[PDB]
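Structure first, commentary second.
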Amino acid sequence: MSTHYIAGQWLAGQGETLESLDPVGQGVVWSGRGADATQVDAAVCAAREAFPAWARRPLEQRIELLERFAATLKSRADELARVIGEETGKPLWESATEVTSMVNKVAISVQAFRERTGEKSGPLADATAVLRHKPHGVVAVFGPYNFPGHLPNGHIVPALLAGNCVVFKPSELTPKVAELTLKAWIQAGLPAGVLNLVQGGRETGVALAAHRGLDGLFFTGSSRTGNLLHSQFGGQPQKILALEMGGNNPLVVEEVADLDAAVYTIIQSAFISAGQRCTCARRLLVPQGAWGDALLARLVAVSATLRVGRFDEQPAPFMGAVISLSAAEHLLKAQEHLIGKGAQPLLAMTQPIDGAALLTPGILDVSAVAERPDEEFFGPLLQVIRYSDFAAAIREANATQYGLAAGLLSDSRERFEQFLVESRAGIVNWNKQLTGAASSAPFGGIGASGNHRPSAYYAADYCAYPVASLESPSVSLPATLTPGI
Amino acid sequence: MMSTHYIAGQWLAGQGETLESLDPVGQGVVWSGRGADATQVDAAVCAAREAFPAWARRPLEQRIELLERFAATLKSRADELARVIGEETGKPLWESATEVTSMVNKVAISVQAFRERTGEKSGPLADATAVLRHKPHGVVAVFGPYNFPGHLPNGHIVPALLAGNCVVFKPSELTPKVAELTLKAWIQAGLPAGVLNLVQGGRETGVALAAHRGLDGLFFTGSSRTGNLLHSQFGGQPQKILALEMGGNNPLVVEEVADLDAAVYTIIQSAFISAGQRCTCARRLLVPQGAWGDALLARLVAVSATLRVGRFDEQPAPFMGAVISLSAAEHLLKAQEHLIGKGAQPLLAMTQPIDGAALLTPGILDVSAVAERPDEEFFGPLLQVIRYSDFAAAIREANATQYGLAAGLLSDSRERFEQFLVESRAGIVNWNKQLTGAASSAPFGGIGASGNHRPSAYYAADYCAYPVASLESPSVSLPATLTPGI
Ligand SMILES: NC(=O)c1ccc[n+]([C@@H]2O[C@H](COP(=O)([O-])OP(=O)(O)OC[C@H]3O[C@@H](n4cnc5c(N)ncnc54)[C@H](O)[C@@H]3O)[C@@H](O)[C@H]2O)c1
Ligand SMILES: NC(=O)c1ccc[n+]([C@@H]2O[C@H](COP(=O)([O-])OP(=O)(O)OC[C@H]3O[C@@H](n4cnc5c(N)ncnc54)[C@H](O)[C@@H]3O)[C@@H](O)[C@H]2O)c1
Ligand SMILES: [Cl-]
Ligand SMILES: [Cl-]
Ligand SMILES: [Mg+2]
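Taken in order, these protein sequences are the chains called S and C.
Following our numbering, the numbering of the first sequence begins with 11 at its first residue and continues without gaps.
Following our numbering, the numbering of the second sequence begins with 429 at its first residue and continues without gaps.
Here is the structure:
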């Protein structure tokens, strides 16, 4: 019954029933009716009504509320980790780190706001030049399922900080996490209408994206969906759109002295979250020859031993299920399809429990595949390409329309310096796993992975617009008038 | 002799349609050439592409030295450049000289903005070093306007080259001579072949360039109509960065103030400087109902009728010159006629005193009684007046527009300005200062239909480079504690 949160109260949905299912055992974890078009309009109108007072209040009051939210999350951390685990399959240790990221987002967002969208004042001739930044108004946040708390939070926190009001539409796959996140905001004192939650599937998302009352839409999800949204907004520059989309991220591994360290780094890059982070390594470039062979064989051996299991299983698993049976089925077909085109399974991905979305890591050598898809496979399926020399590695790493992350494992600083020069990505690491980018830095992909509105530290930039003012306490005549007067 | 396109370090004659620019008063040919056809546009994009890796590789300090030599070259040729701006746009020499000074000054401010907004930071994070760098996109097109034919394109070109992009510049077909001389200065400054390319032309050329798949970015200043078409064209192509600086319908609210003379002067500078062709010019003057407001307007009309309007090099110097073409003048006069037809009252009718010349005298029209007032930008010296009942009505009317570039308040009350800031919806919001002449040291971007949330001037840096976040360690290593399950 308490499905949507609009204008400061909960209400039942009137649209299609939505259920989220435990990815392993398939039990219903949450259900409710989606928001119909009417309820979506109510959510936008609620944000609209709340906006003037929220925008008008002192910044420090908005900061206090965001700080109370982080403190409330912290106090409910175990409960939220458990819900994230229940719904996404993520092991408890990993879900806990997601909650920690949500808590930490507040202080970092405050720092970024003062730096990127703060207030400055200075003399300019006879007058005073002031710079301020102001919120857009009502913004929709579309959440993904992979970090169902942290990634929407990475839009919601800086948006509310700047003085916008938000309508949050979570992934239909992770509604329970969103519900609990709203409960933390509510417990923290958030004013009615400042943040509104509309749950639902396609129809709800479509109605919100189409709503003319939005001043902005902040999105994390697939490049397919984000491109649709971008096309939809073509010719409407008045509405700010921030698109954080997927990638096809290469990890280049030169022969390095500490081979086990490299193998561990590859696993953390490719298979953490069962390969469901935006930044996971999708293609592993490994040089031809004996060392490369040893690297791969060790990777395959260690990856085969990785614990895959239930979120709350003990001993704790390294990774959990993919988000649904549908997603697992789709990945197994991608593996089958590639193998059909000549890919060699160095370690074949399997589904060890019938009717559960658990998948074991996959490592496929696609060196011999003629035409390789420039496609993002959102799961633990790592493609390997063997390369002849470093220039060919760089060429291959760049052979994608995407541009989120890239990385080099190499003992050579000179080699990394070249890699930086030739890379085409928002995140470029040296000897560190591709995953776990810190909120203290901007996070945005280029090419098909974004629309030049990087999030994380730079989220501030799309949450407020600059207002430049020249101010003087009275009109006055200049000492010398312009000619002709 | 003519100099038409500059591509890969060489001057080339055009293969497209003939293009002439005409002195807006005398109608004499100021510049003439053939536009760049599609194959020449492709050559220019390819030239930028070929030059990009080396230019982007270069140490920042070497790009800075070129930009500084360029500024110094503009300074040495300042008189020459002011007279060409005057010739082509009609703008008085005194005002043209200020445009050249803004061009020179853009370099040092862009370097400051680059280090602030798109610089490099490095520090420890866990057992690694977190480094932030910014990289250029690649090849960017710059579409120039006619109103500031040197300063506004320079405001995209300088920060774009500084960040390491290479550029294809398509100037307004109304101001090609200004762009030619600007390129001659870049060339004299030592610009490397292909780093900045110039394709002159009309719509044929602009359409070919905007469509070219080789662009990584397109930076535009011009009308909302044209910018919206570009935005539509790029829908579904988020990989190409678009920065759109469009026009506005800017309101200036005037409360009763003690210094009536200063108020009138400030309004004139806001509405009629550059013959009303700055994108920040006041388009709507909001004046309180009642005797004081009637007096303000009576004075404004009397003073506006005496403003000197004339040729760019006339002496005594005119306050303002012609609008950009006879066609533009025609369009503005028709707009005035249409509005009066619908009930607007001519407090001061705009006139075209010399047949065959695009000189227009200032217009002030009371549109209060006009039913459905167009939310339209009239790019010329035609000021619309709306009389309001109370301050809340003034704010409502100020905000009754799809645009959002500039807004201002003349008022002796700081409290009224504070409220005005709270309720304003514009990127430039001034108190007791003319709406025109914004600082390069601050961001310059309109909201609503006036931009796409990519402000230029100080924040141009933001769209000229993308951040690259790096975590770095001299070698791979194992954590003291492995993740579970391994
Ligand atoms: N660059 C980044 O920051 C980043 C970060 C994390 C994840 N991702 C990504 O997220 C992905 C998968 O997660 P996902 O499945 O939730 O992405 P998604 O595209 O499926 O969905 C994200 C969201 O947009 C919506 N949506 C779905 N269909 C819609 C439609 N037809 N019309 C309008 N809205 C619609 C949702 O319901 C929702 O809240 C990737 O492809 C991936 O790499 C990107
Ligand atoms: N926000 C800003 O900073 C700002 C500042 C000053 C002026 N302006 C503005 O500039 C305007 C007028 O100048 P303008 O006449 O050059 O505007 P414009 O749209 O006609 O021209 C600007 C440019 O884009 C091009 N172009 C024109 N038609 C095109 C087409 N059909 N397809 C592709 N490209 C095309 C040009 O040829 C050119 O270089 C305004 O409406 C105005 O307020 C904006
Ligand atoms: Cl080295
Ligand atoms: Cl991450
Ligand atoms: Mg309670």
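C-beta atoms are modelled at their ideal positions from N, C-alpha and C, and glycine is treated no differently.
Using a Cβ cut-off of 9 Å, pull out every chain S residue sitting near residue i, in sequence order please.
i, result
"C/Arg485", "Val431"
"C/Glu508", "Residues of chain S passing the Cβ test: none, with the nearest at roughly 21 Å."
"C/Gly655", "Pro247"
Please list the partners that residue i has in chain S, where partner means a Cβ-to-Cβ separation under 8 Å.
i, result
"C/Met748", "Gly494"
"residue 915 of chain C", "For chain C, the structure presents residues 429 to 914; residue 915 of chain C sits outside this window and is missing."
"C/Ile856", "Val477, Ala478 and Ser479"
"C/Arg842", "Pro483"
"C/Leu590", "Simply none; closest approach about 18 Å."
"C/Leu560", "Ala451 and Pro452"
Give the interface partners of residue i over in chain C, defined as CB-CB distance under 7 Å, in chain order.
i, result
"S/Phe453", "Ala897"
"S/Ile250", "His881"
"S/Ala326", "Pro912 and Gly913"
"S/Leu419", "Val904"
Taking 8 Å as the cut-off, is the beta-carbon of residue i closer than that to any non-hydrogen atom of ligand 4?
i, result
"S/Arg124", "no"
"S/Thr445", "yes"
Assuming residue i is part of the alpha helix (DSSP H), what are its boundary residues?
i, result
"S/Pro158", "Per DSSP, S/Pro158 belongs to no alpha helix (DSSP H) and is neither H nor E."
"C/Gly645", "Note, C/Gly645: premise wrong, no alpha helix (DSSP H); beta strand (DSSP E) at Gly645 to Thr649."
"S/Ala307", "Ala300 to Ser313"
"C/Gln490", "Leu488 to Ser504"
"S/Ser233", "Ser233 to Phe243"
"C/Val795", "It is not in any alpha helix (DSSP H) - C/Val795 carries neither H nor E in the DSSP assignment."
"S/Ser105", "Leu102 to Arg126"
"S/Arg142", "Premise fails: S/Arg142 lies in the beta strand (DSSP E), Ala137 to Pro145, not in any alpha helix (DSSP H)."
"C/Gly769", "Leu754 to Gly769"
"S/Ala401", "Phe400 to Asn408"
"S/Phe429", "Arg423 to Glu432"
Where does the unbroken beta strand (DSSP E) through residue i begin, and where does it stop?
i, result
"S/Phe281", "No beta strand (DSSP E) holds S/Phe281; DSSP gives it neither H nor E."
"C/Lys598", "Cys594 to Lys598"
"S/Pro260", "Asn259 to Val263"
"C/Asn858", "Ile856 to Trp859"
"C/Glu673", "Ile669 to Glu673"
Since residue i meets chain C, which of its residues come closer than 8 Å, beta carbon to beta carbon?
i, result
"S/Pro162", "By Cβ distance, chain C contributes nothing, its closest Cβ being about 20 Å from S/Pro162, past 8 Å."
"S/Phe243", "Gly663"
"S/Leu309", "What S/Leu309 touches in chain C: nothing, since even the nearest Cβ is about 13 Å away."
"S/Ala489", "In chain order: nothing, as chain C lies at least about 12 Å away."
"S/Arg317", "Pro912, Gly913 and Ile914"
"S/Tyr472", "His881"
Can we count residue i as close to ligand 1, meaning its CB is less than 8 Å from some heavy atom?
i, result
"S/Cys473", "no"
"S/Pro154", "yes"
"S/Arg212", "yes"
"S/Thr235", "yes"
"C/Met748", "no"
"S/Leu239", "yes"
Would you say the beta carbon of residue i comes nearer than 8 Å to a heavy atom of ligand 5?
i, result
"S/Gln197", "yes"
Chain S partners of residue i, CB-CB under 7 Å?
i, result
"C/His640", "Correct list: empty, because the minimum Cβ distance to chain S is about 17 Å."
"C/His659", "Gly244, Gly245 and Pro247"
"residue 917 of chain C", "In the structure displayed, chain C extends from 429 to 914; residue 917 of chain C sits before or after that span and is not available."
Below 9 Å on C-beta distance, what does residue i contact in chain C?
i, result
"S/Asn441", "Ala556, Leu899, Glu900, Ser901, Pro902, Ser903, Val904 and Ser905"
"S/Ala447", "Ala897 and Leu899"
Cβ-heavy atom distance between residue i and ligand 2 below 8 Å?
i, result
"S/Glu89", "no"
"C/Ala638", "yes"
Run the Cβ filter for me: residues under 5 Å from any heavy atom of ligand 3, listed in the order they occur in the chain. Shown in chain order are the residues whose CB sits closer than 5 Å to a heavy atom of ligand 3: S/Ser422, S/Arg423 and S/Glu424.
Short of 9 Å Cβ to Cβ, which residues in the stretch 876 to 889 of chain C face chain S? Only those residues of the stretch 876 to 889 of chain C whose C-beta falls short of 9 Å from the nearest C-beta of chain S are listed: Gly876, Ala877, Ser878, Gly879, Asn880, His881, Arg882, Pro883, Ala885, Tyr886 and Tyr887.
For the stretch 118 to 133 of chain S, enumerate the residues whose C-beta is nearer than 7 Å to any C-beta of chain C, in chain order. Within the stretch 118 to 133 of chain S, no residue qualifies.
Between the stretch 694 to 724 of chain C and chain S, which residues of the former have a C-beta closer than 8 Å to a C-beta of the latter? Answer set for the stretch 694 to 724 of chain C: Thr694, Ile696, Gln697 and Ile701.
Looking at chain C, which residues of the stretch 256 to 275 of chain S have a Cβ within less than 8 Å of any of its Cβ atoms? Result list: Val266, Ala267, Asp268, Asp270, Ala271, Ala272, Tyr274 and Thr275.
Could you name the residues of the stretch 515 to 526 of chain C whose beta carbon sits closer than 9 Å to any beta carbon of chain S, in the order they occur along the chain? Within the stretch 515 to 526 of chain C, the qualifying residues are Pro520, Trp522 and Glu523.
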